[PDB]
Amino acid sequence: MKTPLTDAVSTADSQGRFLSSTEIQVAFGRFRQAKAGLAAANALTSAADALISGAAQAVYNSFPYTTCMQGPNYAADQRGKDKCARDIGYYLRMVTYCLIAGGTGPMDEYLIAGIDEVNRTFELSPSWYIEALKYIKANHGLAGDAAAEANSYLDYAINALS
């Protein structure tokens, strides 16, 4: 579950050795960053509704067909509009998780792994989600470190989609 702390412990255990100063340097890295990371998560959590709505709209704007084509993979009805927010919500939640964990771990385990099939099967477009994420990037309005980290996870989701 890729985080600085578990990674560090994990190599150590895989080489059957006690934690050395190296792993302490890792912990240090993690804990120094956490400042920025936790502020960043809170910010995102309180902008949650604005951010979801906003991104949903953004995708519907880039890809208008998604609001009019018939059938269940698209968002012409309320049902589908709902699913779409739901999912974007998922992406954002994962992003907050990453920030708190200090690594991609939780997005990796809960969302990225198996996304390929889900999208292929239900005929969803990676491109849609890529836009959603692009929007969250340009609209979380975070400063300095909190920004450069959050954006890392956002871009990571994007990269996992191409």
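We number the residues from 1 along the sequence you see.
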Average Cα temperature factor in the PDB entry - higher stretch of 73-81, 88-96: 73-81
Residue range whose averaged C-alpha B-factor is higher in the record, 55-63 or 103-111: 55-63
From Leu44, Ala50, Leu124, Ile136, residue of greatest CA B-factor: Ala50
Lowest, middle or highest third - CA B-factor, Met1: highest
Entry-reported Cα temperature factor of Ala40, expressed as the chain third it lands in: middle
